[PDB]
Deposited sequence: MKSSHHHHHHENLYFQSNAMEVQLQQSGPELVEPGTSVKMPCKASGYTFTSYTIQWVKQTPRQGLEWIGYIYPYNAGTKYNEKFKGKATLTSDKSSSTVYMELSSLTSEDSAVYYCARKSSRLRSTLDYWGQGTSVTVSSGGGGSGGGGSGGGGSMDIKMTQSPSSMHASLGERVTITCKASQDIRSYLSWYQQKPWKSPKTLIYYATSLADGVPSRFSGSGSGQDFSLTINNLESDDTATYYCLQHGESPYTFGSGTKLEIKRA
């Protein structure tokens, strides 16, 4: 039901400006903030900022201040992001994700990703990459720098695909997620566990914190099956 449409890839020469939409449908548009996340092979997922369509309120990452500008259009339920002075290190995929204004909530639904190519709290994931057979147990550790009161979420990202939410609030199962995935931990130590494995489970898992103003992701964990 909930869906966040996005435009296709755009080729832009450096020094210009670009804008992409995040047309959202299937829910009360003004009740959910739209968060923008960029993903690069050398930095992984990176939080840019959000906009609250209810009161046009915004909040930007310090390292993306000025570079990105977020606007909302209540009539068409669309949110735009503008990048000014496109520098060479901007060829990445920009995601727009839905997140409720509730602190416990996380980025639940994501856009497909617009591959744009141009011409704090440190969140540490202990296992960089791991292997497992068809039915073993895996566990991913996500030790944090500072203390976050269980404001941690786990995401699964298939290759060339938008990430999918698994755990929010460090223990709560997300919608549609089978009980095989189980989160645990609080404070600074968090863990994600998968009891029964399948060929689907071959993906990269990220842990995201939203306890403090600059949201930070983990390095990720490439999990391979057989």
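What the model leaves out of the deposited chain are the segments 1-20, 140-156, 264-265.
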